[PDB]
Amino acid sequence: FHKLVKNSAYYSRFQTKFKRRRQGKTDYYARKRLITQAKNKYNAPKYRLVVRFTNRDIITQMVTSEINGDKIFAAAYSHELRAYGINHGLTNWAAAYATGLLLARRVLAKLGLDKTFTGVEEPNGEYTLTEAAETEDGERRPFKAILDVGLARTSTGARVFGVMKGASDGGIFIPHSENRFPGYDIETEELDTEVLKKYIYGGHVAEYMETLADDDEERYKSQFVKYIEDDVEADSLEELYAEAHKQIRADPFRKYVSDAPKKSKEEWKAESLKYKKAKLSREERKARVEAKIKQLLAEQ
Amino acid sequence: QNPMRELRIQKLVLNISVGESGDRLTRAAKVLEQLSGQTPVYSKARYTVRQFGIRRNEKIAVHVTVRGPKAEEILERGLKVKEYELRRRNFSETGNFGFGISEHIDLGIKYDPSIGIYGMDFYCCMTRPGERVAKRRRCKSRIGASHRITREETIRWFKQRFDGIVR
Amino acid sequence: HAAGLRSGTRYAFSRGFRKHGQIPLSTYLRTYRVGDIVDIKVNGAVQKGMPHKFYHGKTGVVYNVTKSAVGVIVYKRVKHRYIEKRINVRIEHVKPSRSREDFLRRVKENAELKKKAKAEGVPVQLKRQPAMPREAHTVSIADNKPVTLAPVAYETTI
RNA sequence: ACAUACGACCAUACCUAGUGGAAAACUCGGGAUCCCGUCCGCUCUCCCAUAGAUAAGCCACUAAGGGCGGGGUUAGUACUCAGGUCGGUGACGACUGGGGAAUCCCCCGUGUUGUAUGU
RNA sequence: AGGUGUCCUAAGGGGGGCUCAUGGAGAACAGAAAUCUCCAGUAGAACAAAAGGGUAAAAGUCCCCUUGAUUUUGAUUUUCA
RNA sequence: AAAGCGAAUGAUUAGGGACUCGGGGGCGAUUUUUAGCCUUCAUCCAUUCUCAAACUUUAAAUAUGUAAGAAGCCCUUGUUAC
Numbered sequence: 002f003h004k005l006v007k008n009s010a011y012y013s014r015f016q017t018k019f020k021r022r023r024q025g026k027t028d029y030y031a032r033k034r035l036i037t038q039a040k041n042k043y044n045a046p047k048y049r050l051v052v053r054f055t056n057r058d059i060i061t062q063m064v065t066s067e068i069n070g071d072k073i074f075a076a077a078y079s080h081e082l083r084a085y086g087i088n089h090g091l092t093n094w095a096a097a098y099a100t101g102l103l104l105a106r107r108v109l110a111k112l113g114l115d116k117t118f119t120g121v122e123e124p125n126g127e128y129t130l131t132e133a134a135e136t137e138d139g140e141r142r143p144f145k146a147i148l149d150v151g152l153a154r155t156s157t158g159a160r161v162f163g164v165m166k167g168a169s170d171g172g173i174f175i176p177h178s179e180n181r182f183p184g185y186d187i188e189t190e191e192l193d194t195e196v197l198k199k200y201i202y203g204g205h206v207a208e209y210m211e212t213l214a215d216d217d218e219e220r221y222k223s224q225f226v227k228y229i230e231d232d233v234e235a236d237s238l239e240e241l242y243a244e245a246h247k248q249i250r251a252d253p254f255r256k257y258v259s260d261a262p263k264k265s266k267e268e269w270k271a272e273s274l275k276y277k278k279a280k281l282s283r284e285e286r287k288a289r290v291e292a293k294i295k296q297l298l299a300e301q
Numbered sequence: 108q109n110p111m112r113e114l115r116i117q118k119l120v121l122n123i124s125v126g127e128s129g130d131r132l133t134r135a136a137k138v139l140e141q142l143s144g145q146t147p148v149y150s151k152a153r154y155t156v157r158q159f160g161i162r163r164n165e166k167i168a169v170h171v172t173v174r175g176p177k178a179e180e181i182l183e184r185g186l187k188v189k190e191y192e193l194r195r196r197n198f199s200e201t202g203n204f205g206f207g208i209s210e211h212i213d214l215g216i217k218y219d220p221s222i223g224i225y226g227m228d229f230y231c232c233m234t235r236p237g238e239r240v241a242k243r244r245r246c247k248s249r250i251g252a253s254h255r256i257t258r259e260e261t262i263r264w265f266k267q268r269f270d271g272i273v274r
Numbered sequence: 099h100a101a102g103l104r105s106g107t108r109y110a111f112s113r114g115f116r117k118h119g120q121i122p123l124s125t126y127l128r129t130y131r132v133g134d135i136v137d138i139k140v141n142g143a144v145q146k147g148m149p150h151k152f153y154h155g156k157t158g159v160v161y162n163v164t165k166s167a168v169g170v171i172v173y174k175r176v177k178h179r180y181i182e183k184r185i186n187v188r189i190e191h192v193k194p195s196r197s198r199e200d201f202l203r204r205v206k207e208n209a210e211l212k213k214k215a216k217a218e219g220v221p222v223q224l225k226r227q228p229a230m231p232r233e234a235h236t237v238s239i240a241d242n243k244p245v246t247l248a249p250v251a252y253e254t255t256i
């Protein structure tokens, strides 16, 4: 026998935290340093690049902070990557590079700097940053943005830096260092520059198929069921992604349509109202108490 | 209804409390390695009491944890010594249980006179599938009331699996 | 008897009840320009850039803007003369003031309201006036018959 | 209307117990060669999107629930600014011209909203 | 009613993972009190020193790297002429 | 100032319900590892009588900062090494 800690007085003194911290979706300590700007520059916006990983998707956005909420500049998902010739491994590391490149090309065309700032245009495993492009007898500074990684752990070779690498090659300038890229050896503090190239084009998953097939046939059949059905082999992986990159630059606004059922915007509203539940009125709630009294009284 | 509410062994953790530092403890840690095949971890005395003859920041105990099929096999060896009879008070309100044995060579390790004789303690943790919800870093939450194990359920599982008895 | 920098501020600098913890983040999204009217309110959580306890509650005018702080001008009353004071305050303590909004609202309405009359050709009587004594009116007692009152006798309650 | 990502006010949103969830989404889930990290692939990290299931998370509803928010009463009461050659041995109290609270107790309610994509 | 003539190469600076005091139920020697495991837990713990204020993916705790405890001078606040 | 303690810290009077293995003294053989029958303190829960210059969820009167424009409001567009 001891004090009941959770008594009526405990609730009264309780102070709840922020709603989005209760759900555990945001980190306000880090958020404050990302969005605040020097008061010398009055209304110059700060651009963030947020990346979130789900079970079967990758989400990328360009966000600017405002006093009454956030504003989204341009968004790119992994569903839209199907229209460019990729149908498998939608969440591997190489798929992050593709969707990272799509957003970078998508935003530059919005504000009319697509013709200049072409980028590398031939992917390579080299550590480079976008620089100013000379034009009209002058120098123009590149677009600048920063990376928001949320709550993901930033270890070496994580996919969060794949989107960073893809957008950097698009033409946007994003400051970073190379000590987190795959193929970086902490002992010699040097970057291989060849593992990176292989690891861009899906090489690591290609080696898995050939290695798994010889050692374990049945496991190789179960894990790669959908790869076999569309008879895509390890040798064909590199040319598949290389061709996808070409189509991204040619047309980034190609529309993709899914196989889910489709209706007009208004008809969906009517459908959801069928299954909604109506709150009980005060009169109905009062009437149940008398019914509860009568039946509870009769057992004893 | 019971589609995905079947109990299983989450982990088995077992410890030895030698109670005093020195070469004797090192021999005890030597014993525990071959039983599990993993290096064990020491523990330090956080109090400081003269009656028990221990001080702060001196190693006085060892322990190790195992998971998967290895935990299933090692638990079987321990229950053999207990001949599958446990007392009702060995099950906690959460749904876990444990016991202890006085002699560690009752099951064979090919006894050596140099190492000596030690007494070992047993404890295991039950669980249900999909308990990652309370331990993932992002969007951590609390499991529901209907999805947690009770004391009566786990003893029924123990009797049905090992055909043991409760006193 | 001692005089420290924070002496006597037991209740002034403390946060309220059920208000400890995280600072609302909309504070850092505001903007300031020279000539604005701001008022000072010290926040206990932030321990940098705290003005002296005298200025907790005064109102001033911005005169300088920097990376993370603003300069405010306030008037202090020493015995028999006034003195101009210039202080540096972090933005967590300052706040825009609604002191002048009534004036700025009234000047805008007057300009448009005078414009429409000049086209129409009628005097406006735009400037305000204090409350005037009431005017004559009539009150009917139909279905409102008065009720008579009287004082009550003494009685012991407890 | 509903779902997901980033938000604003920061309990009308929290805590306990019980029922239901079209579509998609979210989740649990399978494997440990490669990157990486542990006593232990528990967590973190990589690969797969087939299969199983809404059991849990999540959403909705119920309870003469605890708490929280708004209002009525207590009350023109307690207190207080100005005034008199006002009462009383004193303690202290009444009146004239003004300002004016707080518990116990009773009633109602249980989140609102901005940008982008999709059901 | 009390305090000061000190102390710190980290008890300063940056970054990352974790959450405290206490209570309930369990396990050979083990007992009020030694080590291990689960659930609840708004700070009831901690932060060199008197007291007051402040802090929960930290300002507490452990781990990794460091010397902004450096150079040249001006404006401003408190005691106040 | 007033107010509050069936609201946190601290002080304080009195009964009731639930409990025994927390301590003390008995009973049925002080049998007692009898959760037997008694009970005196202790503990927990719903109520009750009074307080705080160095306590507080709330909160006056009197006094206190700023503003009430021509040095104002609005439109168009020159300078720069920020």
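Protein chains in written order, with our numbering: chain A, 2 to 301; chain B, 108 to 274; chain C, 99 to 256. For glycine and all other residues, C-beta sits at the position ideal for the given N, C-alpha and C.
- At least one beta carbon of chain B lies nearer than 8 angstroms to the beta carbon of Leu152 of chain A.
- Taking CB atoms only, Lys18 of chain A has a neighbour in chain C less than 8 angstroms away.
- The contact set of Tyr43 of chain A on chain C, defined by CB atoms closer than 9 angstroms, consists of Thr129, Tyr130, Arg131 and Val163 in chain order.
- Of all residues in the region 234–262 of chain B, only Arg244, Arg245, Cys246 and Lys247 come within less than 7 angstroms of chain A when Cβ atoms are compared, listed by chain position.
- CA-to-CA, the gap between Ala251 of chain C and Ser238 of chain C works out to about 33 angstroms.
- Exposed is the label assigned to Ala133 of chain A, since fewer than 16 other Cβ atoms lie within 10 Å of its Cβ.
- Proximity of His118 of chain C to chain A, defined by a Cβ-Cβ separation below 8 angstroms, is satisfied.
- Assigned with DSSP and collapsed to three states, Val120 of chain B falls in strand.
- Close CB contacts of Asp170 of chain A within its chain, under the 6 angstroms cut and outside five residues either way in sequence, are with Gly120 and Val121 (chain order).
- For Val138 of chain B, the uninterrupted alpha helix (DSSP H) segment begins and ends at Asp130 to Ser143.
- Contact between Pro194 of chain C and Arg128 of chain C is confirmed by a C-beta separation of about 7 angstroms, below the 8 angstroms threshold.
- Within 8 angstroms of the CB of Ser66 of chain A, the CB atoms of chain C belong to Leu127, in sequence order along the chain.
- Bridge pairing for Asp71 of chain A: A:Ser66 [DSSP].
- Between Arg32 of chain A and chain C, the shortest Cβ-Cβ separation is below 8 angstroms.
- An exposed status is given to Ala288 of chain A, since fewer than 16 other beta-carbon atoms sit within 10 Å of its beta-carbon.
- Residues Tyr173 of the same chain have their beta carbon placed closer than 6 angstroms to that of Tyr180 of chain C, with the five preceding and five following residues left out of the count.
- Against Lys26 of chain A, the close residues of chain B are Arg245 and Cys246, in the order they occur along the chain (beta-carbon pairs closer than 9 angstroms).
- With distances taken between CA atoms, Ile68 of chain A lies nearest to C:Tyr126 out of C:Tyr126, C:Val168 and C:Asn186.
- Within chain A, the C-beta atoms nearer than 9 angstroms to that of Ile189 of chain C come from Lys40, in chain order.
- Spatial neighbours of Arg184 of chain B in its own chain (CB-CB distance under 8 angstroms, excluding positions within 5 residues in sequence) are listed in chain order as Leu214.
- Chain A has a Cβ within less than 8 angstroms of the Cβ of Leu123 of chain C.
- If you keep only unbroken beta strand (DSSP E) runs of at least 3 residues inside the region 196–269 of chain B, you get 204–208 and 227–234.
- Close to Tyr29 of chain A, with beta-carbon spacing below 7 angstroms, are these residues of chain C in chain order: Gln120 and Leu123.
- By the neighbour-count criterion, in which 16 or more other beta carbons inside 10 Å mark a residue as buried, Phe118 of chain A falls on the buried side.
- For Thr172 of chain B, the closest C-alpha among the options B:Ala241, B:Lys118 and B:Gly237 is that of B:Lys118.
- Comparing C-alpha distances from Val136 of chain C to each of C:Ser197, C:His150, C:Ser166 and C:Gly106 shows the shortest one belongs to C:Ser197.
- At least 8 angstroms separates the beta-carbon of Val233 of chain A from that of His80 of chain A.
- A buried status is given to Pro183 of chain A, since no fewer than 16 other beta-carbon atoms sit within 10 Å of its beta-carbon.
- For the C-beta of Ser195 of chain C, not a single chain A residue is nearer than 7 angstroms; the gap to the nearest is close to 17 angstroms.
- DSSP places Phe182 of chain A outside both helix and strand once states are collapsed to three, so it counts as coil.
- Neighbours of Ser112 of chain C across chain A, judged by C-beta separation under 7 angstroms, do not exist; the nearest C-beta is about 15 angstroms away.
- Distances from the CA of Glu165 of chain B to each of B:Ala152, B:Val156 and B:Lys177 were compared; the closest alpha carbon is that of B:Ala152.
- Contact of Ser105 of chain C with chain A is not assigned, every C-beta pair being separated by 8 angstroms or more.
- Against chain C, the CB of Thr37 of chain A has a partner CB under 8 angstroms away; the residue lies at that interface.
- Assigned with DSSP and collapsed to three states, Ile187 of chain A falls in coil, not helix or strand.
- The alpha carbon of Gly271 of chain B has as its nearest neighbour, out of B:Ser248, B:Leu186, B:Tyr149 and B:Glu179, the alpha carbon of B:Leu186.
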